[PDB]
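The structure appears below as structure tokens.
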Amino acid sequence: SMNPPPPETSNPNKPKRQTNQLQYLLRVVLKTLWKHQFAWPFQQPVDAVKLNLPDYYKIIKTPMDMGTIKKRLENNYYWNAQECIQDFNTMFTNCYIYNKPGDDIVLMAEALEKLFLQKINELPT
Ligand SMILES: CC(C)Oc1cc(C(=O)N2CCC(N3CCN(C)CC3)CC2)ccc1Nc1ncc2c(n1)N(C1CCCC1)c1ccccc1C(=O)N2C
């Protein structure tokens, strides 16, 4: 099988806006995670073809990655911050579903998730 198309990063039917919280998600949260030593497997969609995982997209029906989130933020795709937070959580959860507890990639995702929650918590009033 081919890979699926990546998640949409624009949609002419979906109202969009810029907000202070969404700006923080791009300038602080995404930027911090993007630069982390463990970011690289998450900076683009899972290429199931390259990685020889014919079942990845049989098991993961809601794929997400930081390259997609980066583009969504840059494109002002979202209406609210909780939509973006959900995208990060989908990304982490997909990793935990496909892989086993304690796997190398799961520990990497767990470290990114800890950092993610810390940056969200730091969002100033
Ligand atoms: C599109 C490209 C990037 O996709 C890749 C490139 C390479 C690969 O062989 N690379 C050469 C060395 C280089 N290093 C060089 C030294 N630098 C210091 C860091 C970068 C990094 C890139 C490996 C995996 C890539 N893609 C990938 N993308 C996503 C992965 C995932 N791997 N892993 C690996 C992830 C690892 C464990 C499971 C998974 C493997 C099996 C099942 C699931 C996953 C998985 O869940 N994820 C998130």
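Just so you know, residue 1 is the first one in the sequence shown, and it goes up from there. Ligands are counted one by one from 1 in listed order, and the atoms in each one are counted from 1 as well.
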Next on the checklist: I'd like to know whether ligand 1 has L53 as a neighbour, heavy-atom separation below 4.0 Å.
Outcome noted: yes
Checklist entry - Just going by heavy-atom distances, which of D65, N52, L51 is nearest to atom 27 (C) of ligand 1? => result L51
Checklist entry - Is a salt bridge present between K71 and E74, judged by a nitrogen-to-oxygen distance below 4.0 Å? => result no
Checklist entry - Side chains of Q23 and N20: donor-acceptor distance under 3.5 Å anywhere? => result no
Checklist entry - Are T68 and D65 linked by a side-chain donor-acceptor pair shorter than 3.5 Å? => result yes
Item to check | Pick from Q43, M108, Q44: the one approaching atom 2 (C) of ligand 1 most closely through a non-hydrogen atom | outcome: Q44
Checklist outcome for this item: Under 4.0 Å between heavy atoms, the region of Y56 that gets near ligand 1 turns out to be neither
Item to check | Identified side-chain contact (heavy atoms from CB on, under 4.5 Å) partner of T90 from the options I85, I60, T62, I69 | outcome: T62
Checklist entry - Quick one: does ligand 1 sit under 4.0 Å from the side chain of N94, the backbone, both or neither, non-hydrogen atoms only? => result neither
Item to check | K14 atom NZ: more than 12 heavy-atom contacts under 6.0 Å | outcome: yes
Next on the checklist: Which option wins on minimum heavy-atom distance to atom 43 (C) of ligand 1: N99, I97, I105?
Outcome noted: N99
